[PDB]
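Right, one structure below, let's go through it.
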Amino acid sequence: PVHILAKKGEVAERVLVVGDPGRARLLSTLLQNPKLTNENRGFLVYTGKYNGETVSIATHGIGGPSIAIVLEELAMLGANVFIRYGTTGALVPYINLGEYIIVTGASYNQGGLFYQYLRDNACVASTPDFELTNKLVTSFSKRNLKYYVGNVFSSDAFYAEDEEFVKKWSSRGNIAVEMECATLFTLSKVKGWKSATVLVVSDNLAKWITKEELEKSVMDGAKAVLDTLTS
Amino acid sequence: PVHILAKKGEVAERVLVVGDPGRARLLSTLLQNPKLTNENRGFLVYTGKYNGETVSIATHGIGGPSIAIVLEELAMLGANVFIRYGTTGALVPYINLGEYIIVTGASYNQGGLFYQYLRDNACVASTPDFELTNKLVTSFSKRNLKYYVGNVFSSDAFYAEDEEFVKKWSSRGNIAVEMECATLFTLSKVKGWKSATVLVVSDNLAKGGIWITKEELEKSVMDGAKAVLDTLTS
Amino acid sequence: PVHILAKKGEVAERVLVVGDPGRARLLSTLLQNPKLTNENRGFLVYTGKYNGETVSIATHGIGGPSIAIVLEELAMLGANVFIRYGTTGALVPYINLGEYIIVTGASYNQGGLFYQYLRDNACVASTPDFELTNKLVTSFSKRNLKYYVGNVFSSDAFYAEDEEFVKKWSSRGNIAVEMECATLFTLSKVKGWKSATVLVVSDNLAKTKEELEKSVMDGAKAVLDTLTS
Amino acid sequence: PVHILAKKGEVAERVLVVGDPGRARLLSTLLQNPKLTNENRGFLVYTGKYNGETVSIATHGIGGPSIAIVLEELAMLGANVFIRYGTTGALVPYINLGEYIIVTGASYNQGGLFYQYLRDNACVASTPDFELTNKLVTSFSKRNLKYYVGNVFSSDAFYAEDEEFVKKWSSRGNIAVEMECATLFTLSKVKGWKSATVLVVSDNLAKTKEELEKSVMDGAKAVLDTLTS
Amino acid sequence: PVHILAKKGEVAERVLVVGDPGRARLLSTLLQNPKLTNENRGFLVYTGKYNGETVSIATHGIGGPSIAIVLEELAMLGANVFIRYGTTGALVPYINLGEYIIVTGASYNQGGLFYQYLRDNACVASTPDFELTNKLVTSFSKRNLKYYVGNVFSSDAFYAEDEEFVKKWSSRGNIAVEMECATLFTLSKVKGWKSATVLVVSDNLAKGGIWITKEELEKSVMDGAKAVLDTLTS
Amino acid sequence: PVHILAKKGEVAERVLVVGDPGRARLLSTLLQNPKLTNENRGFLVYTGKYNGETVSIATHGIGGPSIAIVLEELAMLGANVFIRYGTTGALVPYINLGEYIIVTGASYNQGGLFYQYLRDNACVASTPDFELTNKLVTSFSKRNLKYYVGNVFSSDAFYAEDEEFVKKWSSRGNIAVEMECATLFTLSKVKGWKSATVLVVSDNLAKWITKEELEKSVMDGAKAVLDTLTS
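Protein chains in written order, with the entry's author numbering: chain A, 3 to 209, 213 to 236; chain C, 3 to 236; chain B, 3 to 209, 215 to 236; chain B', 3 to 209, 215 to 236; chain C', 3 to 236; chain A', 3 to 209, 213 to 236. A prime marks a further copy of an entry chain.
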């Protein structure tokens, strides 16, 4: 590896990946005896225990290219189970802020990364591991957390303009929008890794919350994700 | 509806769709008082009772263009829950004939039908209804049937040649190949229908030697059908 | 062949293909001593004689994927000449219902089937066999049938929406729309089969049952003449 | 028109188009009282009579972009019937140098010109006018000229490398390769022009100057007959 | 070489390529002892002296397919430095007729010629030789000629209709439109040739009212030509 | 903005963007009175003076999606001149480690980000600002720095496998490989920003160096870039 400078044995098999470095650190406090195993290029990687199991919490930055690089290196260091945990903008009105979304599939625009990996333009099903996603569902319900199940659209251009964004993607079976799921799912399915994703709705593009309520929402969801990784 | 000619209220909200009209007829015998509600253009459709619940079994033919037409007209006639039941060929050497595959997504080569519907080449997630697929899983394990869970590649060219067919598709997360799932899944997400699929392994491209007998297969078809009908009428 | 379970030699070298099983059975009435050589998966195939030639009438269902499968297996059974006969919707106001359209080429949207067969996205000329199409012209000319010669658009999504459908495809040199010609022609070109197509206009997207019936039947006779021409 | 500076009415309604300026001048010798109606940018255009009809002979240079520009402006000048006459390389071993190929369709690779005109990537049927191609058949038949009927591949890169060129395009139903047919046909279909094409085989990619010359000239006479048919 | 029929050593290493054969002839008069080295298929090629240095002026016709053929045969005959000189239409309202545009890159709709050469649809950087373009800049400012520097869109369809043509291409960093630069630039990078381009604004699509006189333009053509020839022979 | 939390007036018009947060900080010492104006999501943004001018040094992370987001927000805060400064792998043998590459164009694979921004698949010329790139050249030469001028290929999948990588991209006019230039150039040309790029060769895929020599190389190049931004 060349971005994640941790050494083999400092990265657990089970990994909770987040886009923000500040969140990884913040969430590292939910672990027993948290240890910073990397900080190169800003990709903070924490390792510790939870429910008598070794778990890592890594940063993947923003975008397909970035997370693809982080997954590849975490895997080279032993990781083979990934659960992305982030925030997202909902594409449907009936979903409120602070509630969660367990991802079942990712729509995406063809090209770049996908072309380079898939070697052609075929639309390979971009889905998470079935077992692991069901385990996520069981966890969130066990903790009485309000969650919705559906596909998301993984966008590459946050600021690109599209006058029909919400209608287009919502009418295409997508209930929210983020940026890494398509790369995570497809890359996982190719490399043989088990992956899933849970998102915190921080905005509704089709229809508010305090910073406290949100972090509380992020915290509750994290315990559910961490439970699943060690279940 | 110009292909399926059924009157008002002949098609049920829940529908088991198969490609073979013969299988549709054969499976209609598991229902109570099965009545033929359409036979136009060869698309046999039966409506009957199962566990005291009303369901329909319809023929969709082969290929996306065909199943799209059948699904669109069926929904027009009142259907909104579809469970495709058909045959497939495994792409992994660890799956035996007669066993079942519960579809979790569908890969596909874009263009054709998708372009006309999506108005562009975006790769929209082609997945089945999450809940419904779980019901099928519960149903199949409750009837102690051996099944695997994963994605399938929906081919449009049965006889097209590809020297790397198996390694390509199985390395892309697909454990089997069939021809209708991508269209069913994607079309469903757009129109708002609840769909899912269960396939019976009739061949294995990762081992083209083993084989199944007429009765062994048909027995394997009947078994799965009951599980599927339990789900549709649960 | 896993779909068309006809015996080898039980399928004529010359075949008239139609999308609906009902029509294949109805048109078999035009053969001498018609025999059902297959009924698997609803794909009815009848084999008999017309004039001094053995001829088959096969069903291909709806859609490129369906007709490709049928074409492939009929060939493995000895078929090398195919003439598709079906219904279609005109894209121009000057063609009346019941009139015929002799197909000269097919427009299509880049697709999986073409990609799987062609291996890339080239726009290969999707045309019928030149001689066969001219013989059809001669045949429909002899029986004094009103026909128009032109290209059609092979749609893959019957119910897909497009507010400019008629204008877009008619200004692109297409006078009608159906669903199997592009697959037929192109596959035929790559495989070496001689193929052609004549359609009966059952609708005009720009503008009686006996009206059609007789139209269908008369057309079939004209086609069978050509097949045994 | 900024390229073909011919006066309106100085271009016949029927036009024979060739890629090389030398040939257009050489074939004008076949017209009655030939007049040079344009020579701008090297695009020589001659107008005269053949039989009882006014006919023009225009140059289009090499490549889709070039012939589209010429076709567009000739039309703005009154042309609606175009017959391209050029050289070509066979993709099959059974066609001899000097023999002719009457074009039935053109295969092409998705491109800018097609995209700019069609507005999307659909594979629109790129074929000649059915009647015009049959008249050419009749004409080359009367003058007893050996011709073959089929599709060609319109390449955009003469020197682009492809170790499987011959096999790829010949197994896709193409018996020859040239560079302007696809543009001609498709543009003609969208614009409403009647177009056709006959090529003289000057090379075989699978297998005397007077040999060709006479071949060229004889072909031109056959084409002019058709143009004034 | 089947299009350009010149003997051994008739084409010079440095070459000024124009699309119009007439302009090629007209510009050959600025050379010393200009000799016609080819006229086959209308592609006039002249070889002569400028500032005691040997250069050639060749015709390439209209469009990428055409210029590709001419460039490939010329290089075969010994050429390896190309400077295209032609006309263009501005896409910005601040550029007047008779002024010049020194090309820094070329936009294009993929497919056709590019696919056959690149073997796929990657968008390879279509740029001119950096050094050579700077020489042209020095040359033009040294002759006090008004010029702008930027990218151009290489169209394959002169008469294709587009209701948003100008705003689309000018909003994408293109200050003009022509038909050959993309092919020249991209082909050059692949074969290893040194290329560049200078265009004379003969029209402005952001203001289709103003206009230039025959002599005013030809004078503007001759002026730029000298600057270009200084560069090729420097 | 939502990623770069700096306030309007804390981001200069002139900006030196780098992929690594640690480099931005390291390079901030070349400024007069450096001030950290943002650290949200790990995108460190420093502002200070150089040659009597206000300059910012920002982090853009890895990948088109990431840098596109950072440019968009820096611009919303006043930035309109960007010079990317990073490391790269050379595609040609004659270039040695530690030497520099002034970028004149970026090749890229179609799709994603480009499709979303350009609204179609056209290959828009992805080039830097002509003036600014020449000024970069003048700077590097004024400091006797060994540099090469050419196009680079902006890859989206660092770990994607391609057996013909080097031959393919080198024979296509590219002398090096990185990941952000195509997005930077094209996005700049559309938004009206003036951009350029200079790269440090840290590897040669077609044919070594110490960490000291490299940082020394990174430092020398930075002074040249900073000179250009204030020239």
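Think of the CB as a built atom: it goes at the ideal place given N, C-alpha and C, for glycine as much as any other residue.
{"Check": "Anything in the stretch 107-140 of chain A' with a Cβ closer than 8 Å to a Cβ of chain A? List those residues in chain order, please.", "Outcome": "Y110, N111, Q112, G113, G114, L115, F116, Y117, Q118 and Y119"}
{"Check": "Excluding sequence positions up to five away, which residues of its chain have a Cβ less than 8 Å from the Cβ of B/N35?", "Outcome": "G50 and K51"}
{"Check": "Quick one: complete beta strand (DSSP E) runs, 3+ long, within the stretch 23-90 of chain B'?", "Outcome": "34-40, 47-52 and 55-61"}
{"Check": "Spell out whether any CB of chain A is found under 8 Å from the CB atom of A'/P3.", "Outcome": "no"}
{"Check": "Identify, in the order they occur along the chain, each residue of the same chain with its Cβ nearer than 7 Å to the Cβ of B'/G107, setting aside the five sequence neighbours on each side.", "Outcome": "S128, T129 and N153"}
{"Check": "Quick one: list the residues of chain C neighbouring A/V151, beta-carbon separation under 7 Å, in chain order.", "Outcome": "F132"}
{"Check": "Quick test of the definition: if touching needs 3 or more C-beta pairs under 8 Å, does the stretch 85-99 of chain A touch the stretch 170-181 of chain A?", "Outcome": "yes"}
{"Check": "Under 8 Å, with one C-beta from each stretch per pair, do the stretch 18-37 of chain A' and the stretch 61-72 of chain A' reach the 3-pair mark?", "Outcome": "yes"}
{"Check": "Got a sec: which bits of the stretch 69-90 of chain C' sit with their beta carbon under 8 Å from any beta carbon on chain B', in order along the chain?", "Outcome": "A70, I71 and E74"}
{"Check": "If you count every other CB in all the chains shown that lies within 10 Å of the CB of A/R121, and 16 or more means buried, which is it?", "Outcome": "exposed"}
{"Check": "Could you tell me whether the Cβ of B'/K196 comes closer than 8 Å to any Cβ of chain B?", "Outcome": "no"}
{"Check": "Is A/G54 buried or exposed, if buried means 16 or more other CB atoms sit within 10 Å of its CB?", "Outcome": "exposed"}
{"Check": "Thinking C-alpha only, which one of B/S204, B/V13, B/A208 and B/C183 is nearest B/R86?", "Outcome": "B/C183"}
{"Check": "Does the CB of B'/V179 have a neighbour CB from chain D at under 8 Å?", "Outcome": "Going by chain labels, chain D is absent from the structure shown, which instead holds the protein chains A, C, B, B', C' and A'."}
{"Check": "Just the chain A' side, please: which residues come within less than 8 Å of A/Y161 by C-beta, in chain order?", "Outcome": "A70, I71 and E74"}
{"Check": "In chain C', which residues lie less than 7 Å from A'/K169 when you measure between Cβ atoms?", "Outcome": "In chain order: nothing, as chain C' lies at least about 12 Å away."}
{"Check": "For B/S156, name the three-state secondary structure that DSSP assigns.", "Outcome": "strand"}
{"Check": "Quick check on DSSP: helix, strand or coil for A/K148?", "Outcome": "coil"}
{"Check": "Helix, strand or coil: how does DSSP classify residue 211 of chain B' here?", "Outcome": "As shown, the structure holds no coordinates for residue 211 of chain B'; chain B' passes over it, running from 209 to 215."}
{"Check": "Applying the criterion that 16 or more other CB atoms from any shown protein chain within 10 Å of the CB defines a buried residue, is A/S143 buried or exposed?", "Outcome": "exposed"}
{"Check": "Judging by CA-CA distance, which residue of B'/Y149, B'/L32, B'/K196 and B'/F116 is the nearest neighbour of B'/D131?", "Outcome": "B'/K196"}
{"Check": "May I have the straight-line CA-CA distance separating A/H5 from A'/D205, to the nearest angstrom?", "Outcome": "15 Å"}
{"Check": "Taking 8 Å as the CB-CB limit, is B'/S173 close to chain B?", "Outcome": "yes"}
{"Check": "Short of 7 Å in beta carbon distance, which residues of its chain neighbour B'/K10, apart from the five on each side in sequence? Order them along the chain.", "Outcome": "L79 and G80"}
{"Check": "Note the first and the last residue of the continuous alpha helix (DSSP H) segment covering B/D232.", "Outcome": "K216 to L234"}
{"Check": "Please state whether the Cβ-Cβ distance between C/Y150 and C/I103 is less than 8 Å.", "Outcome": "yes"}
{"Check": "Chain C partners of A/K191, CB-CB under 8 Å?", "Outcome": "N153, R174 and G175"}
{"Check": "Using a Cβ-Cβ distance cut-off of 8 Å, determine whether A/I6 contacts chain A'.", "Outcome": "no"}
{"Check": "Specify the secondary structure class of A'/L99 as computed by DSSP and reduced to three states.", "Outcome": "coil"}
{"Check": "Would you say B/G24 lies against chain C (beta-carbon separation less than 8 Å)?", "Outcome": "yes"}
{"Check": "DSSP puts B/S109 in a beta bridge; with which residues?", "Outcome": "B/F155"}
{"Check": "Can you grab the Cα-Cα spacing for the pair A/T39 / C/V105, in whole Å?", "Outcome": "39 Å"}
{"Check": "Would you say A'/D232 reaches chain A, if we count a Cβ-Cβ gap shorter than 8 Å as a contact?", "Outcome": "no"}
{"Check": "Going by C-alpha to C-alpha distance, which of A'/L207, A'/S109, A'/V202 and A'/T233 sits closest to residue 256 of chain A'?", "Outcome": "Any property of residue 256 of chain A' remains undetermined from this structure, which presents chain A' solely from 3 to 236."}
{"Check": "When the Cα atoms are used, what is the spatial distance from C'/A162 to A/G113?", "Outcome": "27 Å"}
{"Check": "Whose Cβ in chain A' lies nearer than 7 Å to the Cβ of A/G44?", "Outcome": "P23 and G44"}
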